[PDB]
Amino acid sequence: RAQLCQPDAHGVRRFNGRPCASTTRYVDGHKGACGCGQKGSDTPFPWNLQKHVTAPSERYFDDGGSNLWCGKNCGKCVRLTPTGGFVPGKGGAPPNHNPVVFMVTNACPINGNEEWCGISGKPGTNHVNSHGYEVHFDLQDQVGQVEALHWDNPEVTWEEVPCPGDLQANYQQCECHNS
């Protein structure tokens, strides 16, 4: 039993009353789906390669929609707290459970990401990925910021939170701000 969030009656994995999410890490160098780089380029701002930023699964990214540019949840922040769980063979238990806040700056589309991001409804609709989570957070790791957490695809509980001031200021230069 490596996954510590138990599926509820509707199949949604939860932990101590809180919804769980799966996580992965990614690198791709793109500006991303929230326009966090200079307009018209595919060049991210350095902070969007360096900071705690995420590409959530598509249906959360766009609050039930399929838009992959300026999704409704661009610029939102989520606090992710490890449970100690992970998907067997696809992660491991992290050294600590310190929570980390990530800002949504990109999208993990269903297309090409079935296992983790193939979720056919937004959180609250009891649709889950292949591992039983209502949402997935793909974590930017360009500069090893996820390695520095020693997170190997940890299971987490997730919540939306106000963004820290530095991340809020960063987001103000993304093209999707006030879209």
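Position 1 is the first residue in the sequence shown; the rest follow in order.
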### Message
Going by the mean C-alpha B-factor recorded in the entry, which is higher: 131-139 or 37-45?
### Response
37-45
### Message
Tell me which stretch has the larger mean Cα B-factor in this entry, 140-148 or 52-60.
### Response
140-148
### Message
Quick check for you: using the entry's CA B-factors within this chain, is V78 in the lowest, middle or highest third?
### Response
lowest
### Task
Quick one: classify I110 as lowest, middle or highest third of the chain based on its Cα B-factor.
middle
### Task
Ordered by C-alpha B-factor within the chain, which third holds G29? Give me lowest, middle or highest, please.
highest
### Message
Considering every modelled residue of the chain and its Cα B-factor in the PDB entry, is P164 in the lowest, middle or highest third?
### Response
highest
### Message
Based on the deposited C-alpha B factors for this chain, I'd like to know if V104 is in the lowest, middle or highest third.
### Response
lowest
